[PDB]
Every structure is written in structure tokens, then in C-alpha cells.
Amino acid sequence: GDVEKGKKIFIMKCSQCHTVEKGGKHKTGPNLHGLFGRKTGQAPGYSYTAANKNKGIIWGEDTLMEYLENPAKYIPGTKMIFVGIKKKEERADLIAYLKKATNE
């Protein structure tokens, strides 16, 4: 994925509710640092829905590709109220950005 395009997508579509950096604040949604390889619903200090806590899968490229296409379809009961990103290439770019930013 194209990390520079992904950053712009993150800013436009996600930053209102999320931070990615180490020690970043929680906002409407949880800080996303350390996301990859973690089970759903595990950011310290954030109050998740039971649905997000119980989904029970590991975040990675594939599971994010599916989640970000339609969040509430993947996690029914989620409080993340966001339509999703329809185009596969846009999801791949965003995910490439997340994979970098949430791990440095």
C-alpha cells in the first residue's frame, strides 16, 4: 500500500475520532497505537462496547480490510459510527499507513 495516500485518508476520514501515535489521546474512539497483532477491544484506558471487546479476532491486514469496508457489519453493536471505505485500494493504502504509524 501507498503510505502517503493512506495518511491523507486517515486524516480525512479517521482523525476526527482517533489518534495513532504512542501515548496519543483517546477521543471519540481509542488511540490506535500498537493495534496490529492485538485482539479487538484492548487499548488500555478506553471503554469499548461489549461487541468490540468480544469480537475476539486479531487485528492485521486482512481483518482490517474487512472491518474497514463496513465496520458495523463486522462488529454488530459497535459504537464506531462510520460508513466504511468502499474501494479496496483506499483501504490498502490506509492500512499500510496504520501499519507504520501505529508501530513507531
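Start at 1 with the first residue shown and count on from there.
Here 33-41 and 71-79 are compared by their mean Cα B-factor, and 33-41 comes out higher.
In the deposited entry, the Cα temperature factor of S47 places it in the highest third of its chain's modelled residues. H18: CA B factor lies in the lowest third for its chain, per the PDB record. Among the modelled residues of its chain, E61 has a C-alpha B-factor that falls in the middle third according to the deposited record.
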